[PDB]
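To start, the structure itself, in structure tokens.
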Amino acid sequence: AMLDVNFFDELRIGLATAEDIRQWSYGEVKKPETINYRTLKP
Amino acid sequence: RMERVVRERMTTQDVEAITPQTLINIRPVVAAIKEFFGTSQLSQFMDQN
Amino acid sequence: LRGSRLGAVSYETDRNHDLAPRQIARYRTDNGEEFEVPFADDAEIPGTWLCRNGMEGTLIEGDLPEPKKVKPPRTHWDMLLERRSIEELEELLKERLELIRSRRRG
Amino acid sequence: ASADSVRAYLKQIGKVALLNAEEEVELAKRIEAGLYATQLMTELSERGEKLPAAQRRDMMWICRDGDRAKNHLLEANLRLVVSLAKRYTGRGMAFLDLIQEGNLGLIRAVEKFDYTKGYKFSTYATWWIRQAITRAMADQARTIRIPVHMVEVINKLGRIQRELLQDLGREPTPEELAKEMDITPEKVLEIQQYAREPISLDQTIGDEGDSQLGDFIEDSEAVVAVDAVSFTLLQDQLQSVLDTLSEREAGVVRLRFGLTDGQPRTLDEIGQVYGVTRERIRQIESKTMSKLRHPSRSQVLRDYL
Amino acid sequence: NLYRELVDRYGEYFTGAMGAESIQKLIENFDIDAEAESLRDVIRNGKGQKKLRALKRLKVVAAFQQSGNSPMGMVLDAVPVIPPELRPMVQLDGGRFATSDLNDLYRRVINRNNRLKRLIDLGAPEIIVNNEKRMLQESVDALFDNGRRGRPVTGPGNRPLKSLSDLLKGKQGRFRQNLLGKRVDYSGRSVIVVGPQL
Amino acid sequence: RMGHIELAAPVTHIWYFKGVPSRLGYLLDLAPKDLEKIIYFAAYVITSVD
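Residue numbers (our numbering), protein chains in the order written: chain A, 18 to 59; chain U, 8 to 56; chain F, 1462 to 1567; chain H, 213 to 517; chain P, 534 to 731; chain Y, 21 to 70.
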């Protein structure tokens, strides 16, 4: 998870709903910008 | 490639004004020879031990 | 080749005890979801905030400090109205009006 | 297959018949009449009128007919968009994205428009569509976004260097290009440095497709293992040595160099929390430093530096 | 054209749409239960090709029924973005930056989504909006796999890009590579000689 | 930490649709080529009727 251990006992795949997606994200990217051209900061 | 470029430019260029100096682009030949001698499978460093 | 993502690294123990106390602030989004934003104590808490969802969210605490609306993007109406006058579009409107109503009465 | 969305689009836009200045005048008049009609409907909607049925119905007809004419003209000139956009492919953006941005420029050209000047639509629109395609190709082409003024001067440098490469035969020098463009050589160099295209970490550096550049890049920021443990040992040794100092001395050193919270306290704060004058703090500071410079407690910590 | 004439003369009595939202609705109005019972009936009483076609369909439908996963996962609304470090922008000394080619694909999708939003606000004719929705779909498909559903999306040197799938497929995916062998620290090698004394 | 993108219109996958066999194609009972005309904006669809 966010915090992990060596007690992992079941890896369960399954399609993800968008309801699960906008609760994973810690934000939202909206601009196609990588890094400033002059100062080289995000 | 040179011929292609030469003829395209010739068609665009106005007549009674142009010359092979203004037609020939020598970039393609240089590029080809360079990409051959460098960056090719069949031009290897002479192994000289 | 040797490269590295432009950045820096620190080597200090992550003391979990002696820190600067935080203060969780609530920021309701337009849909109404709550997104916790930990702030320090001596810290001017903003009324609005860009939340985790990505839409603007206001404090759950009652502030409502003015929407601060901006001027509208130039519209097609704006780009038309300058070159042409209202009364000038009037005659054209009446021409189309008579055209369509002549179709109607027919 | 028919997977080429280029075809899926061209065969679509080849449908609507192409128009002329006659139909253009009629269309523009209809569009303008409709926009005026909806403006007045909005005006009379507010605080306004219980409209007559025939009048209201047919002015709504005009309002919708204006949009019909607008869309008709847009469909008519999609072909023109393609004809103008074909010339900016082979580099940067892809053809389809360029067509969409040119379409946006065309919406702008038809929006911000006039017909009383008595000019065919393409004359004016061509300018807008070319501008829109160029704007897009400037902004949303290079990964690291470089703004448009810088982009235009980049293109001017590229043209000058290329043309003078052919003219001179030899590649131009930074001062030759600086004098030509009436700029400074360091600016020539800066622009050239900004023309560098980020290589891809995804490239088969080996002949067979197994060796990638990303697998040979030492990250010169990683934990050095020995450096971290060495820093821990330094912390311990320094703590012991400082504990050799007297209580006042240990306190002044720790506060002066922020060993207790990471905040470096200065002389006035230290004198305030001890209730003395800053001159006394500075004297205790100098005395303690000199004491630590003594080889007894110094040579232990020399190696860390 | 027929659809237009049908709507504007019969605007009531039905709803009909085009594209990913209409199929969202289709899945919304799809009942796995009833379809599954019908498929059981077919495989139980049908014969020949119908029974087998029901079988393969019967498989995936019950698969969704037993997972209780509501196939909506096929219509992908809000799309998640992989963490920045897994797609590094390393700067090789000299200023030459190094993308990871997932940056470029993500940028394509984001550009097309922004432009689609813009066109929707303007109210462009159905041609442009539908073309841009098509391009969104195409680029999302490209990012989740490049080379499927058409020719590969390429770049410099006409090299195909590296969609997320090409990081998790074939021989160069994680699932057939560094999850097999790992360079290890505290290691060395050397040429060997015979010791008839040990 | 991950992000997300709030799309302005819905979109579909490429794995559960085009990959043989079309899982969606079975699901909604349509052939793959037929759906490749519905989810790439080249054919309408009636959603309900009385």
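For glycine and all other residues, C-beta sits at the position ideal for the given N, C-alpha and C.
Beta-bridge partners assigned by DSSP to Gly549/P: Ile66/Y. Counting the other Cβ atoms within 10 Å of the Cβ of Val441/H gives fewer than 16, which makes it exposed. Residues are counted here when their Cβ sits less than 7 Å from a Cβ of chain A; for the region 1489-1518 of chain F these are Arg1513, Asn1514, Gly1515, given in chain order.
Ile25/Y sits in a strand when the DSSP states are folded into three classes.
Under the Cβ criterion of 8 Å, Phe630/P is counted among the residues facing chain H.
Against chain A, the CB of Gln352/H has a partner CB under 8 Å away; the residue lies at that interface.
In the three-state DSSP reduction, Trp1510/F falls in the strand class (E or B). Between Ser1465/F and chain H, the shortest Cβ-Cβ separation is below 8 Å. Less than 8 Å divides the Cβ of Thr67/Y from the Cβ of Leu559/P. Under the Cβ distance rule, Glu45/A counts among the residues neighbouring chain F, one pair being separated by less than 8 Å. When rounded, the separation of the alpha-carbon atoms in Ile1521/F and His1478/F is 29 Å. Within the region 541-562 of chain P, contact with chain H at the beta-carbon level (separation under 7 Å) is assigned to no residue. Annotated three-state conformation of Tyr46/Y is helix, per DSSP. With a beta-carbon spacing of about 12 Å, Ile358/H and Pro410/H fall beyond the 8 Å limit used to define contacts. The beta-bridge partner set that DSSP reports for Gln20/U is empty.
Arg645/P sits away from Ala215/H, with the two beta carbons spaced by 8 Å or more.
Taking a 10 Å sphere around the C-beta of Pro1482/F, we find fewer than 16 other C-beta atoms and assign the residue as exposed. Residues of the region 45-63 of chain Y with a C-beta less than 9 Å from any C-beta of chain A: none at all.
With a cut-off of 8 Å on Cβ pairs, the region 408-426 of chain H is not in contact with the region 468-483 of chain H, counting fewer than three such pairs.
Non-local C-beta neighbours of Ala249/H in its own chain, meaning closer than 6 Å and more than five positions away in sequence, comprise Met271, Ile274, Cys275, ordered along the chain. Look at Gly1567/F: its C-beta is not under 8 Å from any C-beta on chain H. Scanning chain H for C-beta atoms nearer than 8 Å to the C-beta of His1478/F yields nothing, as the closest lies near 12 Å away. In chain H, no part has a C-beta under 8 Å from the C-beta of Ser696/P; the shortest such distance is about 11 Å. Looking at the DSSP output, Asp1539/F bridges to nothing.
Closest by C-alpha distance to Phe333/H, out of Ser510/H, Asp277/H, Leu318/H, is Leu318/H. Taking a beta-carbon distance threshold of 8 Å, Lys332/H does not count as an interface residue toward chain F. For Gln449/H, the enclosing alpha helix (DSSP H) has its first and last residue at 438-456. DSSP places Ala306/H in the coil class of the three-state scheme, outside both helix and strand.
In the three-state reduction of the DSSP assignment, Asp431/H falls in the strand class, which pools E and B. Membership of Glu235/H in the alpha helix (DSSP H) is indicated by the continuous run 233-257. Note on geometry: alpha-carbon atoms of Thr687/P and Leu694/P lie some 6 Å from one another. In the assembly as shown, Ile1547/F is an exposed residue. Its beta-carbon has fewer than 16 other beta-carbons within 10 Å. Per the Cβ contact rule, the region 558-576 of chain P is in contact with the region 603-614 of chain P (3 or more Cβ pairs under 8 Å). For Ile643/P and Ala28/Y, the gap between their C-alpha atoms comes out near 11 Å. Within a 10 Å sphere around the beta-carbon of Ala657/P sit 16 or more other beta-carbons, which makes this residue buried. At a cut-off of 8 Å between beta-carbon atoms, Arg347/H makes no contact with chain A.
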